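These are the residues of each chain, in order.
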Amino acid sequence: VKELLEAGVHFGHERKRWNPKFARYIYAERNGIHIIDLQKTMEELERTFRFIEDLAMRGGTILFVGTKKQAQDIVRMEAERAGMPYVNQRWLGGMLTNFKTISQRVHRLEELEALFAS
RNA sequence: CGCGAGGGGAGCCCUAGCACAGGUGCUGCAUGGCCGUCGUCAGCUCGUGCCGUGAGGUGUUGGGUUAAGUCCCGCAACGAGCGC
């Protein structure tokens, strides 16, 4: 089930504007674009979900983020459809790093959300 | 007190003396207060996060607008205070 899906049309991307580090994940350069090695992809997908799963079952929250248009919307979906926080707009600076202070606004949200109906 | 004369006496006053007052005498570079000026000009900063060996940055650089740090949209920043 997996392979086919991917092999479908979900691999190989940016071309000639890469990073040599990422050279471990790549099959070849067809007509220009870098054809990522899915074979290896799979292997990694595993360990990844393993982690996700080994966490999704222990009451742990995850934070998804995607501030790019060619991927905004969807991320908005998959998040609400999982109750997992997320970021679709401008990922403010110091969120995680200055949470306590960013939160201050979240509180200001309800501060109004309440004064809304009154 | 006292028949009374007169005698003691608390304020206030006059003399004497003691302790002290008073000085627009100096220092506005010892000061408080208050006033004048840049100028009512659009400005000056703070809390936390982040960058930087550090002084310090970022915020408050950029795009449009305004009498305006006025408002907006952007953004490793997220907000706030004194000014407007």
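Enquirer: I'd like a description of the side chain of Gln 72, backed by residues and values.
Expert: Position of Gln 72 among the secondary structure elements: in helix α3 (residues 72-80). When neighbours within four sequence positions are excluded, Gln 72 is seen to be in contact with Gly 66, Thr 67, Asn 88 and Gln 89.

Enquirer: I'd like a rundown of α3, residues and numbers included.
Expert: Taken as a whole, α3 has its buried residues at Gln 72, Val 75 and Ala 79. When α3 is viewed along its axis, its buried side chains cluster within an angular range of 65° and face the same direction. Summarising the contacts, the buried residues of α3 are in contact with β3 (64-65) and β4 (86-87).

Enquirer: Before we move on, could you go through the protein's contact with RNA strand B and cite the residues and values that matter?
Expert: Close to RNA strand B lie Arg 90, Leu 92, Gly 93, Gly 94, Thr 97, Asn 98, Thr 101, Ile 102 and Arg 105. Here, RNA strand B places atoms within 4 Å of the protein, and 77% of those atoms are sugar or phosphate. With respect to RNA strand B, the side chain of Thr 97 contributes an N or O atom lying 3.3 Å from a base nitrogen. With respect to RNA strand B, the side chain of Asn 98 contributes an N or O atom lying 2.4 Å from a sugar or linking oxygen. Here the residues of the surface near RNA strand B are counted per class, giving two nonpolar, five polar and two charged.

The rules behind the values
- Residues numbered from 1 in each chain as written, not as in the entry; some residues may be left out.
- Chains lettered and ligands numbered in written order.
- Part of a larger assembly, values for the part shown.
- Heavy atoms only, no water.
- Helix = DSSP H or I, 4+ residues; strand = E, 2+ residues; numbered from the N terminus.
- Contact = heavy atoms within 4.5 Å.
- Buried < 20%, exposed > 50% of the residue type's maximum accessible area, 1.4 Å probe, protein only.
- Arc of directions from axis to C-beta.
- Near = heavy atom within 4 Å.
- Polar contact = N/O pair within 3.5 Å; in protein donor to acceptor, adjacent residues only side chain to side chain.
- Nonpolar A, V, L, I, M, F, W, Y, C, P; charged D, E, K, R; others polar.

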